[PDB]
Amino acid sequence: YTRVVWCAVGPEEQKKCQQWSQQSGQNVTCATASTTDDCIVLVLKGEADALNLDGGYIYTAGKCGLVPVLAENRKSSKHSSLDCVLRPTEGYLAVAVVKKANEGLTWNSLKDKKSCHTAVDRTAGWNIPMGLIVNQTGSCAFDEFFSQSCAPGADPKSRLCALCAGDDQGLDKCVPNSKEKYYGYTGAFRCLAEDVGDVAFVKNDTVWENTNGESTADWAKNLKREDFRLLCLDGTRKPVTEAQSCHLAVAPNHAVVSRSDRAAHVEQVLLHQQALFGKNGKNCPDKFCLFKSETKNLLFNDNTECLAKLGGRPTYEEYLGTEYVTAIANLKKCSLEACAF
Ligand SMILES: CCCCCCCCCCC[C@@H](O)CC(=O)N[C@H]1[C@@H](OP(=O)(O)O)O[C@H](CO)[C@@H](O)[C@@H]1OC(=O)C[C@H](O)CCCCCCCCCCC
Ligand SMILES: *[C@@H]1O[C@H](CO)[C@@H](O[C@@H]2O[C@H](CO)[C@@H](O[C@@H]3O[C@H](CO)[C@@H](O)[C@H](O)[C@@H]3O)[C@H](O)[C@H]2NC(C)=O)[C@H](O)[C@H]1NC(C)=O
Ligand SMILES: *[C@@H]1O[C@H](CO)[C@@H](O[C@@H]2O[C@H](CO)[C@@H](O)[C@H](O)[C@H]2NC(C)=O)[C@H](O)[C@H]1NC(C)=O
Ligand SMILES: *[C@@H]1O[C@H](CO)[C@@H](O)[C@H](O)[C@H]1NC(C)=O
Ligand SMILES: [Fe+3]
Ligand SMILES: [Zn+2]
Ligand SMILES: [Zn+2]
């Protein structure tokens, strides 16, 4: 009865999920959809139990009644006493990244430039940067700010998708799943690396994890951190080592969400699954590692140490934080208290 149906977004996550299922002895099975929004709908219908989501999607899911269950917790340095599962999350740093060689480009000269976003509706790749831009320009025409962009999830024929590349066949251009070459943290950063875009809206960790040999992938294996710069809100440019004083915002960690009535069961199963396939899991790396997918961040971000319990049994609003929730609310007024489905 404690069989948990995970929802994989796209064929690559589906593949990983199938392996997880096999190894879990069917304690976890898989449902697959083409987009995160579609997965959310599968959960709402009760045809899937849960999935890990970025804060922007948590907002969508929460408005529809879904709740936070456990949050991704990466490596920390503070509070090192507590066990990962009980350690409070620290959130991640949303940043705007450019090539150092692209001299003179600052936060204040982004207009008409080319941009790379993780996907529409995501925290670092969309909600934070576009919310800030809309705000500063006093215009809801965020589709006319950048000359061209790759913002997975937007209209494929629009300029917001002009830079997306689709899959190895050139198909699925701009789809919001790993099939799109420039999808997600890694895809958006690659979009910048290959100079397809002038700026990439990702998180701090993405830059470090795909530079100086941290990634063996063909497009990243030869990337050096010193060739990149972060754009601070005061118009200055800083080395990627100064993210703490040069970010667009602190984002709430991605987290697992499920229907309220399945929360308890999903939590129980996951806590047990990571004991087996997590960071120091009994069967990882020997049999299967839930938090690995060769930098592709499938199902979970690859830098996840463990899924941690949430203190205070927070509502989706409490988990995201009132400020972030309000920021999203305001941005969405551009394109009010009900489920978008
Ligand atoms: C522009 C950027 C500026 C920089 C800002 C810096 C902050 C960014 C961090 C992300 C924000 C988010 O984490 C805030 C948050 O979560 N707040 C708690 C709070 O909600 P608010 O809406 O913010 O009032 O109030 C709620 C109650 O009043 C409380 O529940 C909320 O949520 C939490 O605190 C959730 C937990 O912290 C989840 C993490 C695990 C911590 C506990 C350890 C586990 C042990 C539990 C054992 C059962
Ligand atoms: C874009 O600009 C809008 C408009 O200012 C921002 O929304 C505003 O956000 C602030 C801060 O979150 C809200 O202020 C208040 O917060 C305090 C708690 O500190 C609370 O006590 C007050 O009641 C109030 O909510 C302000 O209300 C809110 N304005 C509106 C109309 O909701 C938004 O944050 C900006 N977006 C980004 C990404 O910065
Ligand atoms: C930005 O993210 C990077 C990558 O996650 C962080 O670098 C890691 O820092 C941790 C300690 O916090 C070390 O355990 C790792 O060795 C680092 N990884 C790499 C590849 O360098 C960095 O600390 C983060 N910076 C900020 C400001 O949060
Ligand atoms: C599957 O879940 C059952 C239920 O308790 C548990 O006994 C078993 O150890 C689990 N097996 C795996 C490999 O997940
Ligand atoms: Fe995110
Ligand atoms: Zn800050
Ligand atoms: Zn509460």
# chains A, B, ... in the order shown; residues from 1 in each chain; ligands from 1
$ residues_around --residues "residue 287 in chain A" --least-positions-apart "4" --cutoff "10 Å" --atoms "only C-alpha atoms" --output "PyMOL selection string"
chain A and resi 19-20+23+276-277+281-283
$ residues_near_ligand --ligand "ligand 3" --cutoff "10 Å" --atoms "only C-alpha atoms and all ligand atoms" --output "PyMOL selection string"
chain A and resi 74-78+90-94+203-215+240-247+250+303-304
$ write_last_selection --atoms "N, CA, C and O atoms" --output "CSV table (one decimal), in the first residue's frame"
chain,number,residue,atom,x,y,z
A,74,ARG,N,21.8,20.4,0.4
A,74,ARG,CA,23.2,20.2,-0.2
A,74,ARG,C,24.2,20.3,0.9
A,74,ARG,O,23.9,20.5,2.0
A,75,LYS,N,25.5,20.3,0.4
A,75,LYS,CA,26.6,20.4,1.4
A,75,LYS,C,26.6,21.7,2.0
A,75,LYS,O,26.5,22.7,1.4
A,76,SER,N,26.8,21.7,3.3
A,76,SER,CA,26.9,22.9,4.1
A,76,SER,C,28.2,23.0,4.9
A,76,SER,O,29.0,22.1,4.8
A,77,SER,N,28.4,24.1,5.6
A,77,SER,CA,29.6,24.2,6.4
A,77,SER,C,29.2,24.7,7.8
A,77,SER,O,29.9,24.5,8.8
A,78,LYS,N,28.0,25.3,7.9
A,78,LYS,CA,27.4,25.7,9.2
A,78,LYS,C,26.4,24.7,9.7
A,78,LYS,O,25.8,24.0,8.9
A,90,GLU,N,19.5,25.9,3.6
A,90,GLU,CA,20.1,27.2,3.5
A,90,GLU,C,19.6,28.0,2.3
A,90,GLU,O,19.9,29.2,2.2
A,91,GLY,N,19.0,27.4,1.3
A,91,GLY,CA,18.5,28.0,0.1
A,91,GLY,C,19.7,28.2,-0.8
A,91,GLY,O,20.8,28.1,-0.4
A,92,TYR,N,19.5,28.6,-2.0
A,92,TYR,CA,20.6,28.8,-3.0
A,92,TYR,C,20.6,30.2,-3.5
A,92,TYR,O,19.6,30.9,-3.4
A,93,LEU,N,21.7,30.6,-4.1
A,93,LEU,CA,21.9,32.0,-4.6
A,93,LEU,C,21.5,32.1,-6.1
A,93,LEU,O,22.2,31.5,-6.9
A,94,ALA,N,20.5,32.8,-6.4
A,94,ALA,CA,20.1,33.1,-7.8
A,94,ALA,C,21.1,34.1,-8.3
A,94,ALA,O,21.4,35.1,-7.6
A,203,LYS,N,21.9,29.5,-10.8
A,203,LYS,CA,22.2,29.6,-9.4
A,203,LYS,C,23.7,29.6,-9.3
A,203,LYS,O,24.4,29.1,-10.2
A,204,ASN,N,24.3,30.0,-8.2
A,204,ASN,CA,25.7,30.0,-7.9
A,204,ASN,C,26.4,28.7,-8.1
A,204,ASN,O,27.4,28.6,-8.7
A,205,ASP,N,25.7,27.6,-7.6
A,205,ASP,CA,26.3,26.3,-7.7
A,205,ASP,C,26.6,25.8,-9.1
A,205,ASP,O,27.5,25.1,-9.4
A,206,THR,N,25.7,26.2,-10.0
A,206,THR,CA,25.8,25.8,-11.4
A,206,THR,C,27.2,26.2,-12.0
A,206,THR,O,27.8,25.4,-12.7
A,207,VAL,N,27.6,27.4,-11.8
A,207,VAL,CA,28.8,27.9,-12.3
A,207,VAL,C,30.0,27.0,-11.8
A,207,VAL,O,30.8,26.5,-12.6
A,208,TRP,N,30.1,26.8,-10.5
A,208,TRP,CA,31.2,26.0,-9.9
A,208,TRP,C,31.2,24.6,-10.4
A,208,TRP,O,32.2,24.0,-10.8
A,209,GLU,N,30.0,24.0,-10.4
A,209,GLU,CA,29.9,22.6,-10.8
A,209,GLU,C,30.1,22.3,-12.3
A,209,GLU,O,30.3,21.1,-12.6
A,210,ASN,N,30.2,23.3,-13.1
A,210,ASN,CA,30.5,23.0,-14.5
A,210,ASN,C,31.7,23.7,-15.1
A,210,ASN,O,31.8,24.0,-16.3
A,211,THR,N,32.6,24.1,-14.2
A,211,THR,CA,33.9,24.7,-14.6
A,211,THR,C,35.1,24.1,-13.9
A,211,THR,O,34.9,23.3,-12.9
A,212,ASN,N,36.3,24.4,-14.4
A,212,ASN,CA,37.5,23.9,-13.8
A,212,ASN,C,37.6,22.4,-13.6
A,212,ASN,O,38.1,21.9,-12.6
A,213,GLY,N,37.0,21.6,-14.6
A,213,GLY,CA,37.1,20.2,-14.5
A,213,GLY,C,36.0,19.5,-13.7
A,213,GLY,O,35.9,18.3,-13.6
A,214,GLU,N,35.2,20.3,-13.0
A,214,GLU,CA,34.1,19.7,-12.2
A,214,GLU,C,33.1,18.9,-13.0
A,214,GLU,O,32.4,18.0,-12.5
A,215,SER,N,33.1,19.2,-14.3
A,215,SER,CA,32.2,18.5,-15.2
A,215,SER,C,33.1,18.0,-16.4
A,215,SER,O,33.9,18.7,-16.9
A,240,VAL,N,33.1,34.9,-9.8
A,240,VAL,CA,32.1,34.0,-9.4
A,240,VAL,C,32.4,33.5,-7.9
A,240,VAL,O,31.6,32.7,-7.4
A,241,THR,N,33.4,34.0,-7.3
A,241,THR,CA,33.7,33.6,-5.9
A,241,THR,C,33.1,34.6,-5.0
A,241,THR,O,33.1,34.4,-3.8
A,242,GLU,N,32.4,35.6,-5.5
A,242,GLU,CA,31.7,36.6,-4.7
A,242,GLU,C,30.2,36.5,-4.8
A,242,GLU,O,29.5,37.6,-4.6
A,243,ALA,N,29.7,35.4,-5.0
A,243,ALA,CA,28.2,35.2,-5.2
A,243,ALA,C,27.5,35.7,-3.9
A,243,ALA,O,26.4,36.2,-4.0
A,244,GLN,N,28.1,35.5,-2.7
A,244,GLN,CA,27.5,35.9,-1.5
A,244,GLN,C,27.2,37.4,-1.4
A,244,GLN,O,26.3,37.8,-0.7
A,245,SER,N,27.9,38.2,-2.2
A,245,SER,CA,27.7,39.7,-2.2
A,245,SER,C,27.3,40.2,-3.6
A,245,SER,O,27.3,41.4,-3.9
A,246,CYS,N,27.0,39.2,-4.5
A,246,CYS,CA,26.6,39.6,-5.8
A,246,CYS,C,25.6,38.6,-6.4
A,246,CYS,O,25.8,37.9,-7.4
A,247,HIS,N,24.4,38.5,-5.8
A,247,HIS,CA,23.3,37.7,-6.3
A,247,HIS,C,22.0,38.4,-6.4
A,247,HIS,O,21.9,39.6,-5.9
A,250,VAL,N,18.1,35.0,-2.7
A,250,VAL,CA,18.3,33.8,-2.1
A,250,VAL,C,17.0,33.0,-2.4
A,250,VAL,O,15.9,33.5,-2.1
A,303,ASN,N,23.7,17.8,-6.7
A,303,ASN,CA,24.5,18.2,-5.6
A,303,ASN,C,23.7,18.0,-4.3
A,303,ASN,O,24.1,18.5,-3.2
A,304,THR,N,22.6,17.2,-4.3
A,304,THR,CA,21.8,17.0,-3.2
A,304,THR,C,22.5,16.0,-2.2
A,304,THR,O,23.0,14.9,-2.7
$ residues_near_ligand --ligand "ligand 7" --cutoff "10 Å" --atoms "only C-alpha atoms and all ligand atoms" --output "MDAnalysis selection string"
chainID A and resid 311:319
$ residues_around --residues "residue 237 in chain A" --least-positions-apart "4" --cutoff "9 Å" --atoms "only C-alpha atoms" --output "PyMOL selection string"
chain A and resi 100+104-107+229-232+246
$ closest_residue --among "A:72, A:302, A:121, A:103" --to "residue 57 in chain A" --atoms "only C-alpha atoms"
A:121
$ residues_near_ligand --ligand "ligand 5" --cutoff "9 Å" --atoms "only C-alpha atoms and all ligand atoms" --output "number ranges by chain"
A: 53-57, 92, 94, 118, 122-125, 184-185, 202-203, 251-254
$ write_last_selection --atoms "N, CA and C atoms" --output "mmCIF file, in the first residue's frame"
data_model
loop_
_atom_site.group_PDB
_atom_site.id
_atom_site.type_symbol
_atom_site.label_atom_id
_atom_site.label_comp_id
_atom_site.auth_asym_id
_atom_site.auth_seq_id
_atom_site.Cartn_x
_atom_site.Cartn_y
_atom_site.Cartn_z
ATOM 1 N N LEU A 53 10.334 19.610 -6.922
ATOM 2 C CA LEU A 53 10.094 20.818 -7.707
ATOM 3 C C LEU A 53 10.884 22.055 -7.305
ATOM 4 N N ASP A 54 11.148 22.913 -8.288
ATOM 5 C CA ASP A 54 11.822 24.182 -8.051
ATOM 6 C C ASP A 54 10.788 25.040 -7.306
ATOM 7 N N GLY A 55 11.231 26.086 -6.618
ATOM 8 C CA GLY A 55 10.309 26.938 -5.881
ATOM 9 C C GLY A 55 9.192 27.556 -6.709
ATOM 10 N N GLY A 56 9.489 27.898 -7.960
ATOM 11 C CA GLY A 56 8.481 28.484 -8.829
ATOM 12 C C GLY A 56 7.335 27.522 -9.087
ATOM 13 N N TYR A 57 7.667 26.243 -9.225
ATOM 14 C CA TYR A 57 6.659 25.216 -9.460
ATOM 15 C C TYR A 57 5.935 24.887 -8.158
ATOM 16 N N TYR A 92 19.456 28.580 -2.044
ATOM 17 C CA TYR A 92 20.557 28.793 -2.969
ATOM 18 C C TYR A 92 20.561 30.212 -3.520
ATOM 19 N N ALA A 94 20.504 32.848 -6.403
ATOM 20 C CA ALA A 94 20.147 33.077 -7.790
ATOM 21 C C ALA A 94 21.143 34.119 -8.295
ATOM 22 N N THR A 118 16.612 28.967 -17.226
ATOM 23 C CA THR A 118 16.437 27.551 -16.936
ATOM 24 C C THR A 118 15.115 27.094 -17.562
ATOM 25 N N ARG A 122 10.460 29.159 -13.278
ATOM 26 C CA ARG A 122 11.408 28.688 -12.268
ATOM 27 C C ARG A 122 12.007 29.870 -11.507
ATOM 28 N N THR A 123 12.460 29.619 -10.281
ATOM 29 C CA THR A 123 13.000 30.673 -9.420
ATOM 30 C C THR A 123 14.180 31.522 -9.922
ATOM 31 N N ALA A 124 15.356 30.913 -10.047
ATOM 32 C CA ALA A 124 16.536 31.641 -10.491
ATOM 33 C C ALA A 124 16.509 31.966 -11.976
ATOM 34 N N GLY A 125 15.968 31.050 -12.770
ATOM 35 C CA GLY A 125 15.948 31.267 -14.204
ATOM 36 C C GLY A 125 14.878 32.200 -14.732
ATOM 37 N N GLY A 184 17.010 23.946 -18.043
ATOM 38 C CA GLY A 184 17.518 23.853 -16.682
ATOM 39 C C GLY A 184 18.795 24.601 -16.351
ATOM 40 N N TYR A 185 19.289 24.395 -15.131
ATOM 41 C CA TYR A 185 20.510 25.061 -14.691
ATOM 42 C C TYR A 185 21.674 24.800 -15.643
ATOM 43 N N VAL A 202 20.922 31.524 -13.560
ATOM 44 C CA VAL A 202 20.977 30.234 -12.908
ATOM 45 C C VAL A 202 21.305 30.466 -11.448
ATOM 46 N N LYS A 203 21.874 29.462 -10.797
ATOM 47 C CA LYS A 203 22.236 29.628 -9.405
ATOM 48 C C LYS A 203 23.737 29.572 -9.312
ATOM 49 N N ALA A 251 17.151 31.828 -2.998
ATOM 50 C CA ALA A 251 15.989 31.026 -3.369
ATOM 51 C C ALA A 251 15.730 29.842 -2.445
ATOM 52 N N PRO A 252 14.448 29.512 -2.219
ATOM 53 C CA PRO A 252 14.124 28.376 -1.351
ATOM 54 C C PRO A 252 14.502 27.095 -2.097
ATOM 55 N N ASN A 253 15.127 26.155 -1.395
ATOM 56 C CA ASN A 253 15.547 24.901 -2.009
ATOM 57 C C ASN A 253 14.416 24.151 -2.704
ATOM 58 N N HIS A 254 14.770 23.402 -3.744
ATOM 59 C CA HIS A 254 13.790 22.594 -4.443
ATOM 60 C C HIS A 254 13.283 21.616 -3.393
#
$ closest_residue --among "A:334, A:306, A:17, A:5" --to "residue 278 in chain A" --atoms "only C-alpha atoms"
A:306
$ closest_residue --among "A:273, A:330, A:36, A:136" --to "ligand 4" --atoms "only C-alpha atoms and all ligand atoms"
A:273
$ residues_around --residues "residue 51 in chain A" --least-positions-apart "5" --cutoff "6 Å" --atoms "only C-alpha atoms" --output "count of residues only"
4
$ closest_residue --among "A:95, A:340, A:141, A:101" --to "ligand 6" --atoms "only C-alpha atoms and all ligand atoms"
A:95
$ residues_around --residues "residue 32 in chain A" --least-positions-apart "3" --cutoff "9 Å" --atoms "only C-alpha atoms" --output "PyMOL selection string"
chain A and resi 6-11+13-14+35+38-39+42+48
$ residues_near_ligand --ligand "ligand 4" --cutoff "6 Å" --atoms "only C-alpha atoms and all ligand atoms" --output "count of residues only"
3
$ closest_residue --among "A:37, A:195, A:3, A:63" --to "residue 21 in chain A" --atoms "only C-alpha atoms"
A:3
$ closest_atom_pairs --of "chain A" --to "ligand 2" --cutoff "6 Å" --atoms "only C-alpha atoms and all ligand atoms" --output "Markdown table"
| residue | atom | partner | partner_atom_place_in_ligand_line | distance |
| --- | --- | --- | --- | --- |
| A:128 | CA | ligand 2 | 38 (C) | 5.1 |
| A:131 | CA | ligand 2 | 38 (C) | 4.5 |
| A:132 | CA | ligand 2 | 38 (C) | 4.8 |
| A:135 | CA | ligand 2 | 1 (C) | 5.1 |
| A:323 | CA | ligand 2 | 12 (O) | 3.9 |
| A:326 | CA | ligand 2 | 32 (O) | 5.6 |
| A:327 | CA | ligand 2 | 34 (O) | 4.2 |
$ write_last_selection --atoms "N, CA and C atoms" --output "PDB file, in the first residue's frame"
ATOM      1  N   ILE A 128      12.761  35.432 -10.397  1.00  0.00           N
ATOM      2  CA  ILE A 128      13.595  36.468  -9.797  1.00  0.00           C
ATOM      3  C   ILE A 128      14.074  37.505 -10.818  1.00  0.00           C
ATOM      4  N   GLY A 131      11.067  39.305 -12.526  1.00  0.00           N
ATOM      5  CA  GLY A 131      10.334  40.086 -11.548  1.00  0.00           C
ATOM      6  C   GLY A 131      11.084  41.386 -11.309  1.00  0.00           C
ATOM      7  N   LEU A 132      12.405  41.285 -11.207  1.00  0.00           N
ATOM      8  CA  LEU A 132      13.247  42.454 -10.992  1.00  0.00           C
ATOM      9  C   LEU A 132      13.194  43.379 -12.204  1.00  0.00           C
ATOM     10  N   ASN A 135       9.780  45.159 -12.690  1.00  0.00           N
ATOM     11  CA  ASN A 135       9.806  46.161 -11.641  1.00  0.00           C
ATOM     12  C   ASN A 135      10.612  47.397 -11.972  1.00  0.00           C
ATOM     13  N   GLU A 323       7.980  36.893   1.223  1.00  0.00           N
ATOM     14  CA  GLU A 323       8.567  37.789   0.233  1.00  0.00           C
ATOM     15  C   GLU A 323       8.578  37.165  -1.164  1.00  0.00           C
ATOM     16  N   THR A 326       5.132  36.803  -2.638  1.00  0.00           N
ATOM     17  CA  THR A 326       4.611  38.078  -3.089  1.00  0.00           C
ATOM     18  C   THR A 326       5.271  38.507  -4.391  1.00  0.00           C
ATOM     19  N   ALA A 327       6.557  38.209  -4.526  1.00  0.00           N
ATOM     20  CA  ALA A 327       7.290  38.557  -5.735  1.00  0.00           C
ATOM     21  C   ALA A 327       6.652  37.851  -6.926  1.00  0.00           C
TER      22      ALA A 327
END
$ select_by_dssp --residues "range 112-322 of chain A" --states "helix (DSSP H, G or I)" --output "VMD selection string"
chain A and resid 123 to 137 184 to 193 204 to 209 225 to 227 240 to 245 260 to 277 316 to 320 322
$ select_by_dssp --residues "range 157-288 of chain A" --states "strand (DSSP E or B)" --output "list in words"
residues 199, 200, 201, 202, 203, 228, 229, 230, 231, 237, 238, 239, 249, 250, 251, 255, 256, 257 and 258 of chain A
$ atom_distance --atom1 "CA of residue 238 in chain A" --atom2 "CA of residue 196 in chain A"
21.5 Å
$ closest_residue --among "A:127, A:1, A:30, A:197" --to "ligand 1" --atoms "only C-alpha atoms and all ligand atoms"
A:127
$ atom_distance --atom1 "CA of residue 108 in chain A" --atom2 "CA of residue 233 in chain A"
8.2 Å
$ atom_distance --atom1 "CA of residue 274 in chain A" --atom2 "CA of residue 69 in chain A"
14.2 Å
